[PDB]
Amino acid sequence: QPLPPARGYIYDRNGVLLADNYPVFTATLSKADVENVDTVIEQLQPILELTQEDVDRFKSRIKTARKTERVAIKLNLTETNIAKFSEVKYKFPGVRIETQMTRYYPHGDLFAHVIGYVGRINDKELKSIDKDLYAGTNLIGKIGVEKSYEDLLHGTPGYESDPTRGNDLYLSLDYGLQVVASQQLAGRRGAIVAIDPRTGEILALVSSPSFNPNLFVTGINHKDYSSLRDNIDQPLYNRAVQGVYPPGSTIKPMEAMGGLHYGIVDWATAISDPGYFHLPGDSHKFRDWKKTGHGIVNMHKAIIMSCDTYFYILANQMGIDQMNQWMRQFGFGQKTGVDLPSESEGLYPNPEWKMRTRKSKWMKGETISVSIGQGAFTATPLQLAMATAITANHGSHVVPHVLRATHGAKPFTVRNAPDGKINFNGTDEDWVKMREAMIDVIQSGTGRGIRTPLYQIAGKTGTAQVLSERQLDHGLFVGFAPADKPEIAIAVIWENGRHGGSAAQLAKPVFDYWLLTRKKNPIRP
């Protein structure tokens, strides 16, 4: 007799419950209790309102299952199913109505894109799974924390002639911060990631719009799923983790540090800005966002005024191979290594990539596009937050992660700290100077209008090129606070938000919640 284990709960950093189990009524039948099992299901079909899906799944498991095995026929029965079965109960001996545990998401939409959903164990999963371990377990993780920590959450089964519960997860995410971040993207497409730069802990992760993951737990009706999948605003899509955007001017502060590293520029190195750059012999004029230019432009001026010319000149000297090596140290161009499924690589374009994908050689014009966060350069909001955290913490590499603690019997190693330091040929002062530049983006630069009187925000705005709404430019903001001892770095992508200054507006409340509110009046359920 197998006794399947209780799935472990998922909490927040403060112990706010985000996923539990509640009991429901489930129609089981045992192979020991039923001869001629194939006929019995055809009878129970109209009694329990079984669909062709619910049916096939039962026969799938009962073949690959033991005797004392309790194979579920329908899960979380409706009051009607209970009644209709109850009427003819003793015409099916051995077919029991049993108290089994379903999965619930108390704040479904809020953490859908982090926690995800469990669902019924399909046929593909059955052929990859230890049948003895998942004996009498009906639900398995499909996406989010529920998939990425399936084993840790599952538990170990027992018997009678004692089962081990799944481990509890405490996420690094904060209920209150997740609420405030979600509020800002209410009725808007985009994404907000907050990271603790000291650790790589994700404090908030919002893709907008969201969805109810409770719809998926005990099957989703093809009506409800097709509304979500065919919806134009794409709510099932994780813009924070899978979504990739041109980072635009957000990547300039890090590329400037690359300038200092390779010894190409220093803080004083200035350029004549005519509002364009030309490559030797090339006719194509690569235009500054402001076609009059910014005059005599040093590093500080290039950051506060987002000068494209400074970075066209810097990148041309640096070259794509040295831009790859350097920018990849901030997380760009490969998976950040987050403990969630389906993370996108992004793309930092390189010559080897060009020779595989376009079977063409690399042209020095393509370097210039990449220098201002355009060309084929695409980044996840995850990547942009990581890069910001690394800028904030003076080059300590952090791995974005949602798992803070796990309590239970299963042993587990939890990352809590940075995994390395970038060898940087400048000094610690070069990171402090770049912080002051980024404070001045907020004070007297491109991100004016999101200033606070209680703490300093370092930041950098950007825009990205894509139904008179959906074709508008995306607004991007990266930043961190309190600037001198960073606690939180944020990346905002407001899809069709037009200006990075707009995206910055969405970050101030997230920063404010974390640094002012949460100590006195924390948002609780």
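All residue numbers refer to positions in the sequence shown, first residue = 1.
Chemist: If I compare the deposited sequence with the modelled residues, how many are absent between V466 and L467: none, 1 to 3, 4 to 9, or 10 or more?
Modeler: The entry has a long gap there, with 10 or more residues left out between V466 and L467.
Chemist: What does the record say about the segment between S161 and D162: how many deposited residues are without coordinates (none, 1 to 3, 4 to 9, 10 or more)?
Modeler: 10 or more residues lack coordinates between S161 and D162.
Chemist: Check the entry's C-alpha temperature factors for 392-400 and 224-232, then say which stretch has the higher mean.
Modeler: Per the PDB entry, the higher value belongs to 224-232.
Chemist: Could you settle it for me: does 479-487 or 55-63 have the higher average Cα B factor in the PDB entry?
Modeler: The stretch with the larger average C-alpha B-factor is 55-63.
Chemist: Pick out which of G445, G187, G337, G259 has the highest C-alpha B-factor in the PDB entry.
Modeler: Within the set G445, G187, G337, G259, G445 shows the top C-alpha B-factor.
Chemist: Among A135, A385, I271, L215, which residue carries the highest C-alpha B-factor recorded in the PDB entry?
Modeler: Highest CA B-factor of the listed options: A135.
Chemist: For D282, does the deposited CA B-factor place it in the lowest, middle or highest third of the chain?
Modeler: Tercile = highest for this residue's CA B-factor.
Chemist: Divide the modelled residues of the chain into thirds by Cα B-factor and specify which third, lowest, middle or highest, holds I47.
Modeler: Its C-alpha B-factor belongs to the highest third of this chain's values.
Chemist: Quick check for you: using the entry's CA B-factors within this chain, is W362 in the lowest, middle or highest third?
Modeler: Highest third of the chain for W362's C-alpha B-factor.
Chemist: Select lowest, middle or highest to describe the third in which the CA B-factor of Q183 falls within its chain in this entry.
Modeler: It falls in the middle third of the chain.
Chemist: Would you please rank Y245 by its C-alpha temperature factor against the other modelled residues of its chain and give the third it falls in: lowest, middle or highest?
Modeler: Middle third.
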